[PDB]
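Chains as they are written, first to last, in the entry's author numbering: chain B, 47 to 209, 219 to 436; chain A, 1 to 287, 295 to 338, 347 to 393, 709 to 770, 782 to 1015, 1021 to 1111, 1125 to 1140; chain C, 136 to 164. Heads up, the beta-carbon is just placed ideally off N, CA and C, and yes, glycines get one too.
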Ligand SMILES: Cc1ccc(NC(=O)CCc2cccc(NC3=CC(=O)N([C@H]4CCC(=O)NC4=O)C3=O)c2)cc1Cl
Ligand SMILES: [Zn+2]
Ligand SMILES: [Zn+2]
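What follows is the structure in structure tokens.
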């Protein structure tokens, strides 16, 4: 374990340094905004998630040039049916880095954008020039105070601030949720709906994947924390859409913890029966988490997840280090043993001193989370 | 579209604040007691208390303090509501007419800000120069105490200390100095500041920042000639004055944290302290300079929320958990008790004697104050039954003429590897007791029990002790299948400090017959049994995010029939005919319908707005009432005659209202002896000991009563000049909407109490015709 | 040989055009 988790977050494969922007454009909640949509973006973006893009078509480059001077914000639709271009929800994206290159006589533009706000689609219009616009309504972030705020006795208000971690959590539950005896429910029930307890349980699951401490790497704000956790969870498009619909951070965290405990297997999306890997093999190779969005030479985005071992996969071609997302590793195309559908790539270290010597990178669009034994798919809260 | 009527049948009895002073006159000694939305004034006499006036405000009393500006004949009162409505009041008596006047009123709510974790704090300067408020972390609001400031304009001052635990004003300080205890990454510290009005800012405090106990919770302002301040925590009691520092660590208080206090001697020689366990201690300061401190335990009273000294050794114990008390000290003897129904956690309507006039049985109190209350009509008649342990649920059995109650006592871990109870409770003094068939230090452990009590004597007939690390959650009493025996059904969950979500649970069926409780049937489930209901001879139960229906077999067992895996956690469960309503803690509501023909469930409609739900109930086959966060009540409606499938599968929030109370239980029935204008009857219990009744109305009656509401608001004097429309508005930290589909019963009933000239002004579209209408309405509770 | 026909989506190297045209249909599903 000596690669460097900060290498992929920078997206070094894109080349020379880009012109960065730092001004944050954030619209009011429930406000109606008309924002353009990128055509070849089939990814479902999450707020706070980094998204790299390489555009080739002159229309895309022209739209980017027009946005660089304006608010630098575009929309990313959550295509439920990609064939008919149907989208009920989506996420805004703000360009934070850009660089134009006129290599080989064609206008190439490299852009790094970040998620910002969720939204509900009101109307979709397509202009005469091919590019499409969207009349959208900003979805509000429903922030809720502590469940005890409405029952808390005035005399015990001063005992709400707090200075063996297991012993500390027991004391925390007995003190913060003391007034729970005044309601129809006990303390342990409210503990399931407390942001801090949920964040700590998620932290315990995250430490299992990476040895980076939560003092700096993880944000303290439950809203930003929930969005960061969701952004690196390997789920199918339908479950991602459902999770995005959630307005409260508490429900988002509850759903995330439930998914992390339920879906222990990860099978092929096309096969549905071919098991590829388990959550035991998942580990974080990047600062964002185990899964992150990466762009390829042809502008296709892959929400790739890094795992230790993978099975039922055949390798196509020979290892290459060209446009590699993980510097110092060579990729080899990986296909499913049964359906022959592309699942990801096998990364092999170029040098012997590197550790781990080999790992797997699987694309989210080709995976399916599976619950063991026999049951259907459901996501609580 | 809904049209409902909400009235208060019992005023809130829970005491959240109390103060002493000279409010009515400089000679009379006044004691003011706040009970959420009500305020009561009493004159401290040699015999006891003399009631003078009881007023009803349009706000939840959050801060209540008395003070005397220089030049004033008597003390003035200051009240700040939960909705940030501040008002200064004066007492005026002109012979026999007693009215409370409003000197100044206004709202201090900022458009932006994060409400503090330690709640709203309100303090007044000793010389009465300004009012200091802490509403948002990092912002200290100052309200100048001027005669011209009738609008109560205020200004904010920036604070670098964000997590401030407590703050008070200092005595004997030439400048208005504030002393506060806060926390930072380095620990908890005490710090002082000088509030400057000319600069509208802060100046260097009189003393430096001293490090204190990591559990410092309370601050006490010491008056002259001592001055300075006292800091109370879990294990230490310190005194700071600048150069003078005293610190004592009495082991007598380590058992529990001190939460409330009051001054006994105006000079600052004696103070009273109250802990979480109901123990009352006395702090004594020895003397020009402070020689030493001393703490002596006086005795045990009700678990206090606030305290106050009256005179001649008489003390008032304002309790929120148990009955309020008036005691005598021989430095403790109980002199008088005042019934407190709060907190009500569950209740039931029973026809005990008359079989026509309903009676209510409620689970009130908590810990040693735990008790049962029996309420009926004659003024209401109340009967108290102490338990000395926390009651949870309740049920009635007519066949066996007995009640079943879930209870929980606290025991402490023994050194020998066992447990010991603190005091005698109902489960330990049971005439007959038992234990379940077992499977699988100083810390406190909750021991759950099921008590069977007689309906006449109220004796603890039986007490069944559940398994270790098990929590009883639900309780029903009904006949199932073709069995004529009536059983007590209980739902449990295995709680472990290592498992956040429970993965085990039981559903047990017991029979009470011939004075013996026997374990009839037992069914294991892989989750928590949050709630259960009788559904047309079958037993409906909720297990985590699933809803399961059980059938009672001929072999006297339970067999699963169908399952429904819900998108949310099934906490609340209600039924009517073949309709079932499921609800979670974050207002996510779902409707199901058991298809008799198909033998399964069907999702009918849903509405997922995230807000802390507290309780739910079915009004009729189309309307559904629920109580949620910020003391609000909402009503949803389905549309069976909707043209689109999208319209029928959605619930419309057709009713919104701000009750000002935290509801915990709903029941069907009424307390009055059964062309009525009211259809339906739903009783509800809260945390502050308030009981209310909600019913449905017709369109015409709703329109007339709403017009009457607007006309009444124009004539009725509001306590603190607060608009009734704003007080009854659905309020949350993000959105504040006005009331719709509701009629305030208290305001409608208040029409009979006003003078006749004002009655004529209201009905100026006939005063006696409206009196008859209001009388018919009052006859429902 | 040298595999000059490549997949724009994943980067699969192929010696013939027929091999590539079939592989691109696998991504369509
Ligand atoms: C405009 C243009 C014209 C021609 C080219 N021709 C080439 O450069 C030759 C190779 C090639 C040919 C065709 C497709 C590809 N496709 C990919 C290469 C690649 O590394 N990934 C993933 C794999 C895992 C990883 O670590 N990083 C990734 O980006 C690809 O998907 C490559 C490129 C461009 Cl832009
Ligand atoms: Zn496959
Ligand atoms: Zn491919």
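Within the DSSP bridge table, the entry for residue 247(A) names 238(A) as partners. Residue contact check for residue 119(A) against chain B: a CB pair falls below 8 Å. Here residue 1049(A) carries a helix assignment [DSSP, helix/strand/coil]. In this structure, the C-beta of residue 147(C) approaches ligand 3 to less than 7 Å from one of its heavy atoms. Residue 342(B) has its alpha-carbon roughly 27 Å from the corresponding atom of residue 426(B). Around the beta-carbon of residue 10(A), 16 or more other beta-carbon atoms lie within 10 Å, marking it buried. No Cβ-Cβ contact shorter than 8 Å links residue 852(A) with residue 1(A). Closest in alpha carbon position to residue 309(A), among 287(A), 274(A), 285(A) and 158(A), is 274(A). The Cβ atoms of residue 1030(A) and residue 1006(A) sit closer than 8 Å to each other. Remark: the C-beta of residue 366(B) is outside contact range of ligand 2, defined as less than 7 Å to any heavy atom. In the displayed model, residue 320(A) falls within coil according to three-state DSSP, outside both helix and strand. Using a Cβ-Cβ cut-off of 8 Å, residue 202(B) counts as an interface residue toward chain A, since at least one Cβ of chain A sits closer than that to its own. Residues of the segment 910 to 943 of chain A with a C-beta less than 7 Å from any C-beta of chain B: 910, 926 and 927, listed in chain order. By the Cβ-count criterion, residue 383(A) is buried, with 16 or more other Cβ atoms from all chains shown falling within 10 Å of its own Cβ. Relative to ligand 2, the beta carbon of residue 163(C) is positioned no closer than 7 Å to any heavy atom.
Counting only unbroken stretches of 4 or more residues, no alpha helix (DSSP H) element lies wholly within the segment 823 to 867 of chain A. Among the residues facing chain B, residue 271(A) is not included, as its CB has no counterpart in that chain under 8 Å away.
For ligand 3, no non-hydrogen atom lies closer than 7 Å to the CB of residue 357(B).
The residue from 366(A), 386(A), 365(A) and 334(A) with its alpha-carbon nearest to that of residue 357(A) is 386(A).
Residue contact with chain A for residue 241(B): present (Cβ-Cβ distance below 8 Å to some residue of chain A). A heavy atom of ligand 3 is found nearer than 7 Å to the CB of residue 158(C). Residue 84(B) is classed as buried because its beta carbon has at least 16 other beta carbons within 10 Å across all chains shown. Per DSSP, the continuous beta strand (DSSP E) segment holding residue 967(A) begins and ends at 964 to 969. Shortest gap from the CB of residue 142(C) to any heavy atom of ligand 3: under 7 Å. If you compare the alpha carbons of 203(A), 868(A), 63(A) and 31(A) with that of residue 835(A), the shortest gap goes to 868(A).
The beta carbon of residue 205(B) falls within 8 Å of a beta carbon belonging to chain A, placing the residue at that interface. Taken in chain order, the members of the segment 139 to 151 of chain C whose beta-carbon sits within less than 7 Å of a beta-carbon on chain B are 143, 144, 145, 146, 147 and 148.
Going by C-alpha positions, residue 136(B) is about 22 Å away from residue 105(B). Using a Cβ-Cβ cut-off of 8 Å, residue 812(A) counts as an interface residue toward chain B, since at least one Cβ of chain B sits closer than that to its own. Pairing residue 926(A) with residue 899(A) gives a Cβ-Cβ distance that is not under 8 Å. Our two residues, residue 49(A) and residue 865(A), have alpha carbons roughly 56 Å apart in a direct line. Residue environment for residue 1140(A): buried (at least 16 other C-beta atoms within 10 angstroms of its C-beta). With a beta-carbon spacing of about 15 Å, residue 6(A) and residue 1003(A) fall beyond the 8 Å limit used to define contacts. The beta carbon of residue 154(B) does not come within 8 Å of any beta carbon belonging to chain C, so the residue lies off that interface.
Between the segment 356 to 368 of chain B and the segment 320 to 331 of chain B there are three or more inter-stretch CB-CB distances shorter than 8 Å, so the stretches are counted as touching. Three or more Cβ pairs closer than 8 Å define a contact, and the segment 358 to 367 of chain A meets that threshold against the segment 721 to 735 of chain A.
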